[PDB]
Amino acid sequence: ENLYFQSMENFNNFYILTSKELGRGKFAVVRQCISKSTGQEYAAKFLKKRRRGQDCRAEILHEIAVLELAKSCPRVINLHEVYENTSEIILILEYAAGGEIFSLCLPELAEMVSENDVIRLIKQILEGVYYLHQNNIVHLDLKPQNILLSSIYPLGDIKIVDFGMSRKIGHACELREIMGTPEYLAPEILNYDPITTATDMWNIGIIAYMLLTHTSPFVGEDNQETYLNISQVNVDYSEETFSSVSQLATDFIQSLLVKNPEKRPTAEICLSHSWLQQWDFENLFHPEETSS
């Protein structure tokens, strides 16, 4: 195999890895790096070209092609550079210093996140997913671990990451598809129904539910119970779980967590939801009744 991307010798001339390991999966590791020339921080993602006995360089090229298309969208993590060695393709990504939005979904941080914050983060996620869907990209892995923040103190802006599972509308629900984290899989995936933009909208429903309740809508004692919860759309909307959650947020979640993907609103329709309509109080409102 000949290498396509910039050499490893150039990587090590231009960047130094730091002792901050950001992430590790079976066939990928993310490590913080610093430009030796500017001191700017980046995330270096090391993708193995050989996985499960399969040559994956074509799939990695398709993933880079999707990041490259979304680089005008500030809700999507930006790709800076690409390097390659014998076993890895290395993505130099924008560093999202706040880490995962998942942290905001733990009971511990609940008291540090307002309704205002949750409304803004969901609006920013919808802006990203709107942009992807207008370009016929379905992300298909929008778990809260795949939405990052530019900062937590104070609360910054969202960055969608990890286009490993992304496809076009109408692609087959193959073996890769049906191997997400069980609790985050849409009902149409459990039924090997075809890929829809509606699958991402299901996941935005889950993210809102988790930010607002600090609980998982679908997870059970075991995968069997998780799969029953999803396939039956068995969701806890109890007075105890929702005592401090507004009706408008409940409406937003309930419009997305529906079994039939065709009944879920689009990203565009979600951006017009009454829950997300808020006036910045520091701006001067111009009413319908003019002074003239």
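All residue numbers are counted from 1 along the displayed sequence. Take the two forms, superpose them, and find the largest set of C-alpha atoms that agree within 1.5 Å; that set is the rigid core.
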- Message: Given a rigid core fit, name the stretch, 112 to 120 or 85 to 93, whose C-alphas are on average farther from the form shown here in 8 other deposited structures of this protein.
- Response: 112 to 120
- Message: Given that the flanking residues are present, does residue 174 go without coordinates in at least a third of the other entries of this protein?
- Response: yes
- 77 to 85 versus 191 to 199 - greater average Cα B-factor per the deposited record: 191 to 199
- As stated in the PDB record, which stretch has the larger average Cα B-factor, 52 to 60 or 244 to 252? 52 to 60
- Task: Kindly indicate the residue among 159, 123, 133, 71 with the greatest C-alpha B-factor in the PDB record.
- Result: 71
- Task: Could you say which of 232, 266, 32, 35 has its CA atom at the highest B factor, as listed in the PDB entry?
- Result: 232
- Can you tell me which third, lowest, middle or highest, the CA B-factor of residue 153 falls into for its chain? highest
- Ranked C-alpha temperature factor of residue 65 among modelled chain residues, by third: lowest
- Note on the structure: Of the three thirds of the chain ranked by Cα temperature factor, residue 93 occupies the lowest
- Message: How does the C-alpha B factor of residue 283 compare with the rest of the chain: lowest, middle or highest third?
- Response: highest
- Item | Within-chain third of residue 222 by Cα B-factor, per the entry | highest
